[PDB]
């Protein structure tokens, strides 16, 4: 309902800066799905395609993706069933990334020479948020170290920005040995939300939330919010559109089909802050 969306937004404007927080996915949400007719990379792709991975290993990674992607988007399987494969997919990809002995010191170059792109309007998004000290919480199934190099290098890793993702584990050599903590993946966002309760409890007054995601899963990202008064959910639908449009209109308050900007979010921010 367009009426309901306005009731929410009016709540947000009434709250102003003092009551607002942002929860958002990263890949295909803050970064672009495609550009100039070309598919843009996800954090995983940045590494898969970089010069520190061999042709042979890149080929094994692609086979993984073709097998496991097809299960991810299987119409017959429940998420129950899909869950162990999503887990398998990450353990193997990660498995292969370990073997290449990726050097921490190389991340900065890897990201700098990749095709990665933030959506139109991102400086304005991030700056406007920093200038009002609005807490921003980025919850991604991607790779924390890459994610951070994208935003650092774009000049928008401000102090209000908290990043929570799958971070790389290095050894003494400063060479990748695995992944820290519990795996974030598309199917368990809810567990990841409640696993970050300590951050959210420090934000009790921030009871007006804008959530930005790109999948159905992302709808759970606010499951650990302490005090919810008003929440606006904005959904980027970049792929599997005809299949998922109804479901998205059904659950996100705003569905933006193949939209490579943050202009809708920026105009809503303009009214609040």
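Positions refer to the first chain, counted from 1.
A.B. asks: Which is higher on average in the deposited entry, the C-alpha temperature factors of 139-147 or of 164-172?
C.D. replies: Averaging CA B-factors over each stretch, the winner is 164-172.
A.B. asks: Once you work out the mean C-alpha B-factor for both 112-120 and 71-79 from the entry, which is higher?
C.D. replies: The stretch with the larger average C-alpha B-factor is 71-79.
A.B. asks: Based on the PDB record, which member of 241, 61, 209, 28 exhibits the highest Cα temperature factor?
C.D. replies: Reading the PDB entry, the winner on C-alpha B-factor is 61.
A.B. asks: Going by the recorded CA B-factors, say which third of the chain residue 225 sits in, lowest, middle or highest.
C.D. replies: It belongs to the middle third of the chain when residues are ordered by C-alpha B-factor.
A.B. asks: With respect to C-alpha B-factor, does residue 232 fall in the lowest, middle or highest third of the chain as deposited?
C.D. replies: Ranked within chain, residue 232 CA B lands in the lowest tercile.
A.B. asks: Can you tell me whether residue 34 has a C-alpha B-factor in the lowest, middle or highest third compared with the other modelled residues of the same chain?
C.D. replies: Its C-alpha B-factor belongs to the lowest third of this chain's values.
A.B. asks: Using the B-factor values recorded in the entry, state whether the Cα atom of residue 89 falls in the lowest, middle or highest third among the modelled residues of its chain.
C.D. replies: It falls in the top third of the chain.
A.B. asks: Among all modelled residues of this chain, ranked by Cα B factor, put residue 50 in the bottom, middle or top third, i.e. lowest, middle or highest.
C.D. replies: For residue 50, the deposited C-alpha B-factor lands in the highest third.
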